[PDB]
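Below: one structure, written as structure tokens.
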Amino acid sequence: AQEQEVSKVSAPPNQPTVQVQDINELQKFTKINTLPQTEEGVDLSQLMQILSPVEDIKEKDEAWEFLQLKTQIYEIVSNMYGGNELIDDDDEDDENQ
Amino acid sequence: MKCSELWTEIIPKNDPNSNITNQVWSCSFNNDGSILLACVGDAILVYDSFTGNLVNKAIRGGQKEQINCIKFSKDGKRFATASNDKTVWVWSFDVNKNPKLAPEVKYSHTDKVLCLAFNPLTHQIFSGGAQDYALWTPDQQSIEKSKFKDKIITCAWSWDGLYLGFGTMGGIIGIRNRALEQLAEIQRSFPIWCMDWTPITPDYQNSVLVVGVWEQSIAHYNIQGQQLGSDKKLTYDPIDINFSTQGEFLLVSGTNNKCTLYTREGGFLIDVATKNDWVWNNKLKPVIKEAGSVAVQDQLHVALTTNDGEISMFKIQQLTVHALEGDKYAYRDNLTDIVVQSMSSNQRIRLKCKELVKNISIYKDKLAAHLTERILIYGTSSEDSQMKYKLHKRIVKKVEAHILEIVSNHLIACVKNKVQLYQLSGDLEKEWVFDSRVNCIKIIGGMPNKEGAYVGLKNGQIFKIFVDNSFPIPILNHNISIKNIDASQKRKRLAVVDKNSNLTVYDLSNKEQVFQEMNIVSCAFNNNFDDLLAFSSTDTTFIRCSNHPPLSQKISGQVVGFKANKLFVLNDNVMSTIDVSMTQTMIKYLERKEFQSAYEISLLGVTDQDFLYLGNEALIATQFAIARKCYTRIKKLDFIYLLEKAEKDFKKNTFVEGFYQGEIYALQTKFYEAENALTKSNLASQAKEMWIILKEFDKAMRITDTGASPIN
Amino acid sequence: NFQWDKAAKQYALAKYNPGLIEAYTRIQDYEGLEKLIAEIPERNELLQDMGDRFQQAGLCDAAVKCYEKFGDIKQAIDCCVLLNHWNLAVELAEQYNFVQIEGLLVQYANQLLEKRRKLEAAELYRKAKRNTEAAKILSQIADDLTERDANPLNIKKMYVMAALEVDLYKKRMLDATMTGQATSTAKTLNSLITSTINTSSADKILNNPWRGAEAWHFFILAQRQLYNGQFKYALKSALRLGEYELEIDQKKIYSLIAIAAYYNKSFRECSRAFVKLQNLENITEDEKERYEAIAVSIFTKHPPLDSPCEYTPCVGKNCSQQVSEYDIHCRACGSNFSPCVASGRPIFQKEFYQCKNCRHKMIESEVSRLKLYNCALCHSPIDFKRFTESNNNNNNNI
Ligand SMILES: [Zn+2]
Ligand SMILES: [Zn+2]
């Protein structure tokens, strides 16, 4: 009873819900300010190819921890290099265990 | 932990355009477990539990419809077959008699029969179908039939033999007595399928009813009908509920085609099998324990029946996890338990947990328990001889690791091909990534926050890890995979075993395969002499010293630990201590004139006779310090006086060893050996004079007849 | 009798060092061994023995101390390299004129690079004052990330650890150096302070390792502000992006500037961004023609009109020539203005403070409007009111 309450009080989002706020913004923002672009004879859609969807970019005041930050983007770099899972696959853990 | 299929029998005789099908509904199990039952459309099947083969041919034509339920009588002597022919048959059963099974008493309701149950004590039968429920007593042979308002689906008699519980698909749960009166009624909104009564237990001694409703819940009900408030939720709709003997486990099946195991509290442990179809009935093998019987009883047996028509048997074996650091041995008992045993007084201390323990690691006066999504640490009051355990800290963080270790102010977890360093608070601190799976890890002592460790990989390369370095140090390379590693007392050598049960000894200063051995199960190093190595094969344990022939014992067991004049041998899950005589290595060291190492070996607790022998040998070979130590460790007065005389006369006089050898022999009762040794070189007259003081002038005269007096 | 603690106490009482060393090793209490190495007078074989024991235990600091007290230096370097203690190795090599350490470090870094561990190589280079190679490695990692989903705040986090780890290592070295200093060190630090007072902007720019972090933060802030109205702040943020022009390529900065300028009707900046975009280094003919078509359409719908704004008085210098609010270049004066990481507005007021983790200027009014409990860039969890008071005290000192 106290365990659940304390965990909910702190609840450090480790991996699973770091920034999970994914909602279609290619259509949400295009309704916000694109109207006078379509109204006039202006084609700036090529320039907008730079802009990243904003819902993924989270905007809240949180606390950043050096150790935590280290762990997070170490996991990100290991993922983006894609080397752990390959050697895990050629490790054949399931065949042995 | 490991679940293995045993034998599968399939029934493919599907009959289209006929109400008889190939499905199997129930599977009754005998109390002894030597026979097994199953029911199929228009037939019954008798099986042997250990090996899958029909002891008796399938019986057909007895019931013109399907068979809904088959049950035993808790004594292995009766059969009860309920059929959609609106009839229940009761058969007599006996293995030795020429008719193994034969009908005894048959009765019929007004409508179809759906469920049946037996009385553990009085062996009364309660059969409930649509519109009716009936009670049968063997003595009177007069059935009592009563009407109801809806069809009962499930029944179960309490283990006390007093209460009865039935459920209806209309949501009504009824609890009655042996007189069939409305003791308690509970109304729900979902159908009732599976019900059971918790087994009687000396720790609990109270019976409650566990019922699985179809709204994804399992509920506990008291005798009066008041719910206990558990109302545990489930992802899937349950179908069958079975309680193991002594009320320790709970086998749950239903939707998702999986057979899972739970504790009586509700903690998930494992799943048994996924049959790709609904499992109508799963049963557990009863066990019988003798008066004071000793056995781990890790083995478990389950029987499953699927909707396709497969009656399968599965065997579950629990692996052993234990830890041994010093003066303590903490091993996992029957699941959700930790027992700490002391090797001296054989006393035990029990710690009970509710969730499954995955790893046990004990540091200096610190015990670490790795519960599912929980970490516990307990300390010890060192001043008191008996250990008192108190919980300083608890870790709520969920961590997955096949190997867990605890060091001073830190924790180490091995998962896949990665090593994670955890602070006691819970936050991750440091990461290590290796090429292959980390198989074995060994922790060596050191400063807090600076404890080193050894790591073995599936490739075989042996690495060293420091807490703060964050850079692995390659120790050596091995071609074959590593199963277990050990380090010497002075960190001079290292013994490593491969997957082929091959033992290899590597020198750290010079990486060279000095020693190789075949067919080795376990090995250990001494903690005091640094040189002795004790390795145990499947049947024989060998101890080996430096450049010495091996010594055999024919000791049954595996070597776990080696201490000063002590060897720990672990059989099954209990371990004992065996003392080893150090006289052989003593003699071998005396052969090569290595008195320092011989004295070091003798210091390991050898008998005083060997101490006296070593003192004599050292005194003869002009080593006075070791001689004094040996003659002092055992309280002796004449020998130390003779040693003082020898050390005083060594500098000045000749110090002929013959005289002192004769005096050593004459200090015992062996006078003739001393006389022979004294006559050997040339000391006749002094032998004469030493024999005279014993007042045996006659034998001294016989001696002085031969000896001369070269003076003047 | 295998009772080591009592034997150690008796040996200490009897002034016998070999048994003391043996007992301390057996009990695994090397603090008594530190007391012994402080107590052993000079130049003995026991020095080498205890150095061996320390190297086996993994404490190469004490091992190197014992080796240097004994009179052997090569063994200290061997311990430092074997245990991968590279900071002490670099210090010892520099002080005692050892040259092969750089080659060995290069080979080990190349081995780690082949082992696909660029972050570990960056750590190694940061341990040995080689932060430039770590900077190039981090830039390569960011470029590789951009090829994928590439949530920008992940790159911001990476540059933030780079800066924070550099600061932590420098602080550790600094604290080691200042602790127990002499008159010569005091004079050197006084000269360093004198040079610190009269510092140059370029030296500060090179020193600060937060360049990529603040660049990505400004990019994210510009995008976020542009999405939620506030075009005038997005302009200033994009102008800061244009000022940096180092980690972010020209394409991104100029596209953002053009979009913001068009949305704010400020067409001089849009024209500058478009003439920049027509040829950065290389572009296919179709893309360049499309960009020219967009430019000619935009600028032939109506001529570029400059919107009026407030020409606030300049605070950088005494010149009466006012500078535009968006402009940060401060032409003909050379006094560039420090950024505000809150919203991007340049510091045009006395109210500016900074933390002791990222030292970035910050306006009180922006914090009050936004109610920011933490620093916008480094998320320093310290109260902003006390920090404003501390900065006011520091300014009063100046
Ligand atoms: Zn100016
Ligand atoms: Zn800051």
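From first to last, the protein sequence lines are chains A, B and C. Positions in the first sequence are counted from 1; adding 206 to them yields my numbering. To convert, note that position 220 of the second sequence is 214 in my numbering; the numbers rise steadily by one, no gaps. Positions in the third sequence are counted from 1; adding 1 to them yields my numbering. Where is the CB? At the ideal position from N, CA and C, for every residue including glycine.
Against chain B, does residue i count as a neighbour if the rule is that its beta carbon must be under 9 Å from one of theirs?
i	result
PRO218 (chain A)	yes
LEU83 (chain C)	yes
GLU121 (chain C)	yes
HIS361 (chain C)	no
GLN11 (chain C)	no
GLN323 (chain C)	no
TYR228 (chain C)	no
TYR31 (chain C)	yes
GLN56 (chain C)	no
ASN285 (chain A)	no
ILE282 (chain A)	no
Taking 9 Å as the CB-CB limit, is residue i close to chain C?
i	result
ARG485 (chain B)	yes
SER464 (chain B)	yes
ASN239 (chain A)	yes
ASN216 (chain B)	no
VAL248 (chain A)	yes
Verify the contact flag: residue i, CB atom, against every heavy atom of ligand 1, threshold strictly below 8 Å.
i	result
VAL324 (chain C)	yes
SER272 (chain C)	no
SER339 (chain C)	no
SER336 (chain C)	yes
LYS237 (chain C)	no
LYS266 (chain C)	no
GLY213 (chain C)	no
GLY420 (chain B)	no
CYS315 (chain C)	yes
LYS372 (chain C)	no
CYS81 (chain C)	no
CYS320 (chain C)	yes
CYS331 (chain C)	yes
Counting only beta-carbon atoms, is residue i nearer than 9 Å to chain A?
i	result
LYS410 (chain B)	yes
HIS218 (chain C)	no
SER495 (chain B)	no
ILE102 (chain C)	no
residue 753 (chain B)	Because chain B here runs from -5 to 706, residue 753 (chain B) falls outside it and cannot be looked at.
Does the beta-carbon distance from residue i to residue j come in below 9 Å?
i	j	result
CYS347 (chain B)	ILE332 (chain B)	yes
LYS71 (chain B)	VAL82 (chain B)	no
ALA447 (chain B)	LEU398 (chain B)	no
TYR41 (chain B)	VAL49 (chain B)	yes
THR534 (chain B)	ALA528 (chain B)	no
Compare the C-beta of residue i against all C-beta atoms of chain F and say whether one is closer than 9 Å.
i	result
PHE460 (chain B)	This model lacks chain F altogether, as its protein chains are A, B and C.
Under a criterion of Cβ closer than 6 Å to any non-hydrogen atom of ligand 3, which residues qualify, in chain order?
-> Ligands displayed in this structure: ligand 1 and ligand 2; ligand 3 is not among them.
Given 8 Å as the limit, is there contact between the stretch 172 to 187 of chain B and the stretch 199 to 217 of chain B, that is, 3 or more CB pairs closer than that?
-> Touching, per the Cβ criterion.
Flag this pair as touching only if the stretch 336 to 349 of chain B and the stretch 245 to 252 of chain B have three or more C-beta atom pairs under 8 Å; answer yes or no.
-> Verdict: no, contact absent.
Which ranges would you report for the beta strand (DSSP E) in the stretch 487 to 567 of chain B if only whole runs of at least 3 residues count?
-> Those beta strand (DSSP E) runs which fall completely within the stretch 487 to 567 of chain B and span 3+ residues are 487 to 492, 497 to 501, 507 to 511, 516 to 519, 527 to 530, 535 to 538, 552 to 557 and 560 to 565.
Decide yes or no for the touch test of the stretch 224 to 240 of chain B against the stretch 207 to 216 of chain B: beta carbon pairs closer than 8 Å, at least 3 of them.
-> By the criterion of at least three beta-carbon pairs nearer than 8 Å, the stretch 224 to 240 of chain B is in contact with the stretch 207 to 216 of chain B.
Ignoring anything shorter than 4 residues or poking outside the stretch 247 to 331 of chain B, list the alpha helix (DSSP H) runs there in chain order.
-> List check, alpha helix (DSSP H) in window: nothing returned.
Are three or more beta carbon pairs between the stretch 170 to 183 of chain C and the stretch 101 to 109 of chain C nearer than 8 Å?
-> With a cut-off of 8 Å, the stretch 101 to 109 of chain C and the stretch 170 to 183 of chain C do not count as touching, because too few Cβ pairs lie within range.
Pick out the complete alpha helix (DSSP H) segments inside the stretch 13 to 66 of chain B, 4 residues or longer, and give them in chain order.
-> List check, alpha helix (DSSP H) in window: nothing returned.
The stretch 638 to 651 of chain B contacting the stretch 602 to 618 of chain B, beta-carbon criterion three pairs below 8 Å | Judged by pairs of C-beta atoms under 8 Å, the stretch 638 to 651 of chain B touches the stretch 602 to 618 of chain B, as three or more such pairs exist.
Specify whether the stretch 303 to 312 of chain B and the stretch -2 to 6 of chain B touch according to this definition: at least 3 beta carbon pairs, one from each stretch, less than 8 Å apart.
-> As far as the Cβ criterion goes, the stretch 303 to 312 of chain B touches the stretch -2 to 6 of chain B, which means the pair count is three or higher.
Determine contact between the stretch 313 to 325 of chain C and the stretch 228 to 246 of chain C, defined as no fewer than three beta-carbon pairs at a distance below 8 Å.
-> Counting Cβ pairs under 8 Å, fewer than three are found: no touch.
Specify whether the stretch 83 to 91 of chain C and the stretch 464 to 475 of chain B touch according to this definition: at least 3 beta carbon pairs, one from each stretch, less than 8 Å apart.
-> By the Cβ criterion, the stretch 83 to 91 of chain C is in contact with the stretch 464 to 475 of chain B, since at least three pairs of Cβ atoms, one from each stretch, lie closer than 8 Å.
Along the chain, which unbroken stretches of the beta strand (DSSP E) at least 3 residues long are found entirely within the stretch 621 to 695 of chain B?
-> Under the rule that a run must span 3 or more residues, no beta strand (DSSP E) segment is found entirely inside the stretch 621 to 695 of chain B.
Length-filtered (3 minimum) beta strand (DSSP E) runs lying within the stretch 212 to 294 of chain A | None, since the stretch 212 to 294 of chain A contains no complete beta strand (DSSP E) of that length.
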